[PDB]
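Enquirer: Just so it is clear, I am handing over run16.txt, which has compact mmCIF, C-alpha atoms.
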```txt
# COMPACT_ATOMS: atom_id res chain seq x y z
CA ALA A 193 46.80 40.86 31.32
CA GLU A 194 43.59 39.55 29.71
CA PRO A 195 40.95 42.21 28.93
CA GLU A 196 38.94 39.62 26.98
CA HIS A 197 38.73 36.79 29.55
CA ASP A 198 35.04 37.29 30.32
CA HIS A 199 33.84 37.39 26.74
CA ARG A 200 36.25 34.67 25.63
CA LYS A 201 34.79 32.26 28.16
CA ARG A 202 31.30 33.33 27.07
CA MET A 203 32.18 32.36 23.52
CA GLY A 204 33.85 29.22 24.87
CA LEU A 205 30.56 28.21 26.48
CA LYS A 206 28.66 28.92 23.26
CA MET A 207 31.23 26.97 21.24
CA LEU A 208 30.92 24.02 23.63
CA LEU A 209 27.15 24.00 23.16
CA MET A 210 27.53 24.32 19.38
CA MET A 211 30.04 21.50 19.06
CA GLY A 212 28.00 19.33 21.39
CA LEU A 213 24.81 20.00 19.45
CA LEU A 214 26.26 19.91 15.92
CA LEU A 215 29.17 17.43 15.68
CA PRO A 216 27.04 14.34 16.50
CA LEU A 217 24.76 15.28 13.60
CA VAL A 218 27.70 15.62 11.20
CA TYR A 219 28.95 12.23 12.37
CA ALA A 220 25.47 10.82 11.78
CA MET A 221 25.41 12.25 8.27
CA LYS A 222 28.89 10.89 7.55
CA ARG A 223 27.78 7.42 8.62
CA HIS A 224 24.58 7.84 6.62
CA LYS A 225 26.45 8.60 3.39
CA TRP A 226 29.10 5.94 4.01
CA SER A 227 26.30 3.56 4.99
CA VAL A 228 26.13 1.92 1.56
CA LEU A 229 29.77 0.82 1.28
CA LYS A 230 29.75 -0.48 4.85
CA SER A 231 27.00 -2.91 3.83
CA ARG A 232 28.04 -3.83 0.28
CA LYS A 233 28.61 -7.53 -0.24
CA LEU A 234 30.48 -9.43 -2.92
CA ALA A 235 30.17 -12.75 -4.70
CA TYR A 236 32.33 -14.59 -7.18
CA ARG A 237 30.86 -15.69 -10.53
CA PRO A 238 33.14 -17.38 -13.01
CA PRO A 239 31.75 -19.94 -15.44
CA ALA B 180 5.08 -35.22 -6.31
CA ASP B 181 5.89 -31.52 -6.67
CA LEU B 182 4.23 -31.26 -10.08
CA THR B 183 1.24 -33.25 -8.81
CA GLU B 184 0.61 -30.84 -5.95
CA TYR B 185 1.37 -27.97 -8.36
CA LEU B 186 -1.39 -29.06 -10.73
CA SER B 187 -3.77 -29.91 -7.90
CA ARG B 188 -3.34 -26.46 -6.38
CA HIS B 189 -2.84 -23.99 -9.23
CA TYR B 190 -4.73 -24.93 -12.42
CA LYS B 191 -8.09 -24.72 -10.67
CA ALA B 192 -11.41 -24.03 -12.32
CA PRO B 193 -12.61 -20.68 -10.79
CA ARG B 194 -9.39 -18.92 -11.86
CA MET B 195 -8.96 -19.97 -15.49
CA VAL B 196 -10.18 -18.10 -18.54
CA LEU B 197 -11.02 -19.64 -21.88
CA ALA B 198 -10.59 -16.78 -24.34
CA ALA B 199 -11.33 -17.11 -28.04
CA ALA B 200 -11.26 -14.38 -30.66
CA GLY B 201 -11.88 -14.40 -34.37
CA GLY B 202 -14.54 -16.09 -36.46
CA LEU B 203 -16.68 -17.78 -33.82
CA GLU B 204 -19.97 -17.08 -32.06
CA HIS B 205 -20.72 -16.97 -28.33
CA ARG B 206 -23.48 -19.56 -27.85
CA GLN B 207 -21.34 -22.07 -29.76
CA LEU B 208 -18.27 -21.52 -27.56
CA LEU B 209 -20.37 -21.39 -24.39
CA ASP B 210 -22.11 -24.66 -25.23
CA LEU B 211 -18.83 -26.39 -26.10
CA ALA B 212 -17.44 -25.22 -22.76
CA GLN B 213 -20.59 -26.50 -21.03
CA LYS B 214 -20.04 -29.90 -22.65
CA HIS B 215 -16.29 -30.21 -22.08
CA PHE B 216 -15.01 -27.84 -19.37
CA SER B 217 -17.88 -28.49 -16.96
CA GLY B 218 -16.59 -31.17 -14.61
CA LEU B 219 -13.03 -29.91 -14.33
CA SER B 220 -12.41 -28.71 -10.76
CA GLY B 221 -13.62 -26.12 -8.28
CA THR B 222 -13.38 -28.53 -5.39
CA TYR B 223 -10.26 -26.91 -4.01
CA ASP B 224 -8.59 -28.93 -1.27
CA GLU B 225 -8.43 -28.23 2.44
CA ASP B 226 -5.44 -25.99 3.04
CA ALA B 227 -2.96 -23.46 1.59
CA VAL B 228 -5.31 -21.47 -0.63
CA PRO B 229 -3.21 -19.11 -2.81
CA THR B 230 -3.54 -15.45 -1.85
CA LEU B 231 -1.00 -12.73 -2.56
CA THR B 232 1.11 -10.67 -0.18
CA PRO B 233 2.03 -7.04 -0.95
CA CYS B 234 5.63 -7.53 -1.95
CA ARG B 235 8.31 -5.15 -0.74
CA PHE B 236 10.10 -3.00 -3.31
CA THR B 237 13.50 -2.83 -1.65
CA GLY B 238 15.48 -0.64 -3.98
CA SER B 239 19.16 -1.39 -4.33
CA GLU B 240 21.68 -2.20 -7.00
CA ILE B 241 23.34 -5.33 -8.30
CA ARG B 242 26.26 -5.14 -10.68
CA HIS B 243 27.73 -8.11 -12.50
CA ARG B 244 31.13 -6.78 -13.48
CA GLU B 245 32.27 -8.97 -16.39
CA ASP B 246 34.79 -7.12 -18.56
CA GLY B 247 34.89 -9.66 -21.38
CA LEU B 248 31.84 -8.24 -23.12
CA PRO B 249 31.43 -5.65 -25.90
CA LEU B 250 28.39 -3.71 -24.66
CA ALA B 251 26.93 -2.78 -21.29
CA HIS B 252 23.35 -3.32 -20.12
CA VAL B 253 21.81 -1.09 -17.46
CA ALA B 254 18.23 -1.12 -16.23
CA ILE B 255 16.80 1.22 -13.60
CA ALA B 256 13.28 1.09 -12.19
CA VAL B 257 11.20 2.81 -9.53
CA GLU B 258 7.94 2.27 -7.59
CA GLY B 259 4.92 0.34 -8.82
CA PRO B 260 1.71 1.85 -10.15
CA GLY B 261 -0.38 -1.34 -10.15
CA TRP B 262 -3.38 -2.31 -12.28
CA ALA B 263 -6.65 -0.70 -11.22
CA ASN B 264 -5.53 2.87 -10.60
CA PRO B 265 -5.39 5.44 -13.46
CA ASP B 266 -1.81 6.27 -12.48
CA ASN B 267 -1.10 3.40 -14.88
CA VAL B 268 -2.60 5.54 -17.67
```
Would you write out, as structure tokens, the structure that this file holds?
Expert:
Amino acid sequence: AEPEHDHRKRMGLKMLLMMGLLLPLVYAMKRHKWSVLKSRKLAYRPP
Amino acid sequence: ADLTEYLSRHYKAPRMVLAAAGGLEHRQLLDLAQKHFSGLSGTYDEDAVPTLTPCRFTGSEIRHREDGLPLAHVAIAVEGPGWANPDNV
């Protein structure tokens, strides 16, 4: 039924290691570029 | 009280410079300073002697949005060169 089962679980293991090693860094870089607007702070000056 | 401690602490004698340029000699100015400036201060008091701290260039932005004005003013500045180093030049 599945002639590719061995190599598909090999690539599944490599994809698990890639998306465990990579996706936290992309989340870190997202938070690092959104880091300014998370910390921006307003004040109200009329006369 | 604040101005009294301000004048007692800041306008001290070993940090002030009499500077005079133009049509005047040096022995004349020196002797006038010996007559008048000698006796000023130099007896600094006991505590809180003024000494600088290396101030922290944060680096940020402030924007005062006020849309009832004709023109816009923007200033942008980066790190400090100082005084003694030839990076100033």
Enquirer: Got a sec: who's within 12 Å of residue 235 of chain A, counting all atoms listed in the file, leaving out chain neighbours fewer than 4 positions off, as a PyMOL selection string?
Expert: chain B and resi 241-244
Enquirer: Per residue of chain A within 10 Å of chain B, note the shortest atom pair and the distance in Å to one decimal, counting only C-alpha atoms, and order the rows by chain and increasing residue number, as JSON lines.
Expert:
```
{"residue": "A:228", "atom": "CA", "partner": "B:239", "partner_atom": "CA", "distance": 9.7}
{"residue": "A:232", "atom": "CA", "partner": "B:240", "partner_atom": "CA", "distance": 9.8}
{"residue": "A:233", "atom": "CA", "partner": "B:241", "partner_atom": "CA", "distance": 9.9}
{"residue": "A:234", "atom": "CA", "partner": "B:242", "partner_atom": "CA", "distance": 9.8}
{"residue": "A:235", "atom": "CA", "partner": "B:243", "partner_atom": "CA", "distance": 9.4}
{"residue": "A:236", "atom": "CA", "partner": "B:243", "partner_atom": "CA", "distance": 9.6}
{"residue": "A:237", "atom": "CA", "partner": "B:243", "partner_atom": "CA", "distance": 8.4}
{"residue": "A:238", "atom": "CA", "partner": "B:245", "partner_atom": "CA", "distance": 9.1}
```
Enquirer: One decimal, in Å: what's the spacing between atom CA of residue 198 of chain B and atom CA of residue 259 of chain B?
Expert: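 So the answer is 27.8 Å.
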Enquirer: What's around residue 236 of chain B at 8 Å? Count only C-alpha atoms, leave out sequence neighbours fewer than 2 positions away in its own chain, and write the answer as a compact mmCIF listing (two decimals) with C-alpha atoms, in the coordinates of the input.
Expert:
```txt
# COMPACT_ATOMS: atom_id res chain seq x y z
CA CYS B 234 5.63 -7.53 -1.95
CA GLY B 238 15.48 -0.64 -3.98
CA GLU B 258 7.94 2.27 -7.59
```
Enquirer: Expressed in Å to a single decimal, how great is the separation between atom CA of residue 223 of chain B and atom CA of residue 185 of chain B?
Expert: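 Going from atom CA of residue 223 of chain B over to atom CA of residue 185 of chain B, I get 12.5 Å.
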Enquirer: Between atom CA of residue 214 of chain B and atom CA of residue 182 of chain B, measure the distance and give it in Å to one decimal.
Expert: 27.4 Å
Enquirer: Using all atoms listed in the file, which of B:219, B:180, B:251, B:211 sits nearest residue 193 of chain B?
Expert: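 Distance minimum relative to residue 193 of chain B lands on B:219.
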Enquirer: Here is a test: counting all atoms listed in the file, which residue of B:230, B:181, B:221, B:257 is nearest to residue 194 of chain B?
Expert: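 Residue with the minimum atom-to-atom distance to residue 194 of chain B: B:221.
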Enquirer: Output segment 201-214 of chain B as a PDB file, in the frame of the given file, making sure N, CA, C and O atoms are there.
Expert:
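Listed below is the output, out.pdb:
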```pdb
ATOM      1  N   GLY B 201     -11.964 -14.141 -32.947  1.00  0.00           N
ATOM      2  CA  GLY B 201     -11.880 -14.400 -34.370  1.00  0.00           C
ATOM      3  C   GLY B 201     -13.220 -14.669 -35.022  1.00  0.00           C
ATOM      4  O   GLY B 201     -14.165 -13.895 -34.851  1.00  0.00           O
ATOM      5  N   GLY B 202     -13.309 -15.752 -35.783  1.00  0.00           N
ATOM      6  CA  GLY B 202     -14.540 -16.090 -36.460  1.00  0.00           C
ATOM      7  C   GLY B 202     -15.401 -17.123 -35.760  1.00  0.00           C
ATOM      8  O   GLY B 202     -15.657 -18.192 -36.320  1.00  0.00           O
ATOM      9  N   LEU B 203     -15.865 -16.829 -34.549  1.00  0.00           N
ATOM     10  CA  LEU B 203     -16.680 -17.780 -33.820  1.00  0.00           C
ATOM     11  C   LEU B 203     -17.709 -17.047 -32.977  1.00  0.00           C
ATOM     12  O   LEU B 203     -17.456 -15.943 -32.491  1.00  0.00           O
ATOM     13  N   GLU B 204     -18.860 -17.685 -32.782  1.00  0.00           N
ATOM     14  CA  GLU B 204     -19.970 -17.080 -32.060  1.00  0.00           C
ATOM     15  C   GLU B 204     -19.754 -17.204 -30.554  1.00  0.00           C
ATOM     16  O   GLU B 204     -18.684 -17.588 -30.077  1.00  0.00           O
ATOM     17  N   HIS B 205     -20.786 -16.881 -29.782  1.00  0.00           N
ATOM     18  CA  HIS B 205     -20.720 -16.970 -28.330  1.00  0.00           C
ATOM     19  C   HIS B 205     -21.508 -18.134 -27.765  1.00  0.00           C
ATOM     20  O   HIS B 205     -21.039 -18.778 -26.828  1.00  0.00           O
ATOM     21  N   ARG B 206     -22.700 -18.412 -28.304  1.00  0.00           N
ATOM     22  CA  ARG B 206     -23.480 -19.560 -27.850  1.00  0.00           C
ATOM     23  C   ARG B 206     -22.778 -20.863 -28.189  1.00  0.00           C
ATOM     24  O   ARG B 206     -22.827 -21.820 -27.410  1.00  0.00           O
ATOM     25  N   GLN B 207     -22.100 -20.900 -29.337  1.00  0.00           N
ATOM     26  CA  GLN B 207     -21.340 -22.070 -29.760  1.00  0.00           C
ATOM     27  C   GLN B 207     -20.200 -22.366 -28.784  1.00  0.00           C
ATOM     28  O   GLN B 207     -20.070 -23.492 -28.287  1.00  0.00           O
ATOM     29  N   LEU B 208     -19.390 -21.350 -28.479  1.00  0.00           N
ATOM     30  CA  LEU B 208     -18.270 -21.520 -27.560  1.00  0.00           C
ATOM     31  C   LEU B 208     -18.742 -21.821 -26.148  1.00  0.00           C
ATOM     32  O   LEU B 208     -18.159 -22.669 -25.458  1.00  0.00           O
ATOM     33  N   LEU B 209     -19.812 -21.152 -25.717  1.00  0.00           N
ATOM     34  CA  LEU B 209     -20.370 -21.390 -24.390  1.00  0.00           C
ATOM     35  C   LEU B 209     -20.903 -22.804 -24.263  1.00  0.00           C
ATOM     36  O   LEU B 209     -20.712 -23.451 -23.227  1.00  0.00           O
ATOM     37  N   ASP B 210     -21.527 -23.328 -25.317  1.00  0.00           N
ATOM     38  CA  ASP B 210     -22.110 -24.660 -25.230  1.00  0.00           C
ATOM     39  C   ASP B 210     -21.022 -25.726 -25.309  1.00  0.00           C
ATOM     40  O   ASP B 210     -21.118 -26.765 -24.643  1.00  0.00           O
ATOM     41  N   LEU B 211     -19.969 -25.473 -26.092  1.00  0.00           N
ATOM     42  CA  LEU B 211     -18.830 -26.390 -26.100  1.00  0.00           C
ATOM     43  C   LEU B 211     -18.124 -26.406 -24.752  1.00  0.00           C
ATOM     44  O   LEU B 211     -17.692 -27.467 -24.285  1.00  0.00           O
ATOM     45  N   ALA B 212     -18.027 -25.247 -24.095  1.00  0.00           N
ATOM     46  CA  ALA B 212     -17.440 -25.220 -22.760  1.00  0.00           C
ATOM     47  C   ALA B 212     -18.342 -25.900 -21.742  1.00  0.00           C
ATOM     48  O   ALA B 212     -17.841 -26.537 -20.812  1.00  0.00           O
ATOM     49  N   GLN B 213     -19.662 -25.792 -21.911  1.00  0.00           N
ATOM     50  CA  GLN B 213     -20.590 -26.500 -21.030  1.00  0.00           C
ATOM     51  C   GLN B 213     -20.474 -28.010 -21.211  1.00  0.00           C
ATOM     52  O   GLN B 213     -20.610 -28.766 -20.243  1.00  0.00           O
ATOM     53  N   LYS B 214     -20.206 -28.467 -22.435  1.00  0.00           N
ATOM     54  CA  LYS B 214     -20.040 -29.900 -22.650  1.00  0.00           C
ATOM     55  C   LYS B 214     -18.706 -30.400 -22.095  1.00  0.00           C
ATOM     56  O   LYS B 214     -18.652 -31.464 -21.469  1.00  0.00           O
TER      57      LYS B 214
END
```
